[PDB]
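Only one chain is shown below, in structure tokens, and it's the form deposited in one PDB entry.
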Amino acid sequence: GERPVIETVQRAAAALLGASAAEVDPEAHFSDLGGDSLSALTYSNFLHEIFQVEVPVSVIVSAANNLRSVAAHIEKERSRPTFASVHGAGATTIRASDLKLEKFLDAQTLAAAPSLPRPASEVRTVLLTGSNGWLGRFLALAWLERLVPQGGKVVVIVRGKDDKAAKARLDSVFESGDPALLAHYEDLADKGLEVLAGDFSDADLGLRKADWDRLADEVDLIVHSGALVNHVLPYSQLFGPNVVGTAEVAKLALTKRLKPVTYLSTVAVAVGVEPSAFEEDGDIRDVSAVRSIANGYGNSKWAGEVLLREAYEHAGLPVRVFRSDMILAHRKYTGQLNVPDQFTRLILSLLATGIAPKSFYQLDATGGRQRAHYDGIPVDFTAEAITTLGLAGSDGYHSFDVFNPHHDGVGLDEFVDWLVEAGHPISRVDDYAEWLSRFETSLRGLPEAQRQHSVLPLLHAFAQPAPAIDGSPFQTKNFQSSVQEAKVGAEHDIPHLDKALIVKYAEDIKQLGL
């Protein structure tokens, strides 16, 4: 450097986050100093310009990495598939034809892949990614409930300095003030959960070579729920976690014996296509073969689907893709809701400000409230459905759109009615434009703790009232009919969102102390 690299790394962090330059010890972590994925991008671009090497946001925010690791990464880079080698350096568009398995996996794996032994008839061991995430924790719990009674095992890869720290990170997400959940988790975890520290963007999933080789022999099925889920980051930042990560998962599925892959995806892969032309269960390579650079998020998840489709075509790897956005709170376990998402932020904001519009949707010609539907599914149903259908996917390639398709007239205005019925003081402001300005003023007047958990960062989305759509514009038949045939839950169908769920949001928000 000029100047050793670690010093520039510490000073930049100190400047960016407002620490004292003695509190920016090289063993400290970016998140412990007040950092998050917004400031991590600023940091990444700053160090990128100074040292002329890529410093991905994933390296900065990972629980395994401290500021020393960031410095080490920079110096290693100055003296592994990338955006340049796959899509061409500085490219402004991307193509499905770019994403071939030859660019991610070695030739020996690919050559031996077509003739590999077929999936095991009985699933006893499952590898799960993203288990400390919002959806993944309940996928983990669903698999433990099934496999522990049959003497089976759930293997889990979590980011952390070592296996101990990784397990502690997973343990803590089940601590939400619900004693029954914690006892249920700990009972099952002792009997059937193996936690390994790792990182799916790295080679051999960031594991010890002996563990990777063991899993290639031992794992019957792979559930890939892990990803960097960020709607503002560009495709270049999400390439490592979401595209290369998916390729590394596929590599394990195409070694020793074939392992069916459940892959989590998003409605954001339909960005660039009209909703009516988006075939739920079509070939994703045909449904959008070319794309421009939630744009990066959508593109990254799309790219993962393409690679898994290539793996199916090359070796007959069974795949089940599940496209899911806005996975709402657990209906039974208290304190279990996705705190950062837009829906939770909105509900918290309405309770904090105590004011709501006559309608979030467009009014009719006579100024009245129209019929509308909120597309959302609770996590407890979603986890059971994905696990049931994924377990049944030992042959072929199929995709499901995990959305709420009901033409039931249950939307945001009904949720506000239900909060008022339950006793929460929410006033109904008649004019939408008057609401929005009053809402923004009241939000800005809240304490610092509450403002950061509010919807204030996402206020641009509420500028105009949304269009009054009942049902969902995307096709769901494959998911809904499969759920009906499999007879999932009490409903034997995708559930309707109800008063009990909305009332529970308010109690969850209080219980977590927001």
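All residue numbers are counted from 1 along the displayed sequence. We call the rigid core the largest set of C-alpha positions that still match within 1.5 Å between the two forms.
From this point on, the text means the form deposited in another entry, which you will not see here.
- Looking at CA displacements between the shown form and the other one with the core superposed, a shift of 2 Å or more is confined, among 63, 459, 469, 38, to 459.
- Taking the rigid core as fixed, one finds a CA shift for residue 428 of 2 Å or more between the shown form and the other one.
- Comparing the forms between the shown form and the other one, the C-alpha position of residue 367 differs by 2 angstroms or more, with the core used for superposition.
- In a rigid-core overlay of the protein, residue 446 has its C-alpha displaced by at least 2 Å between the shown form and the other one.
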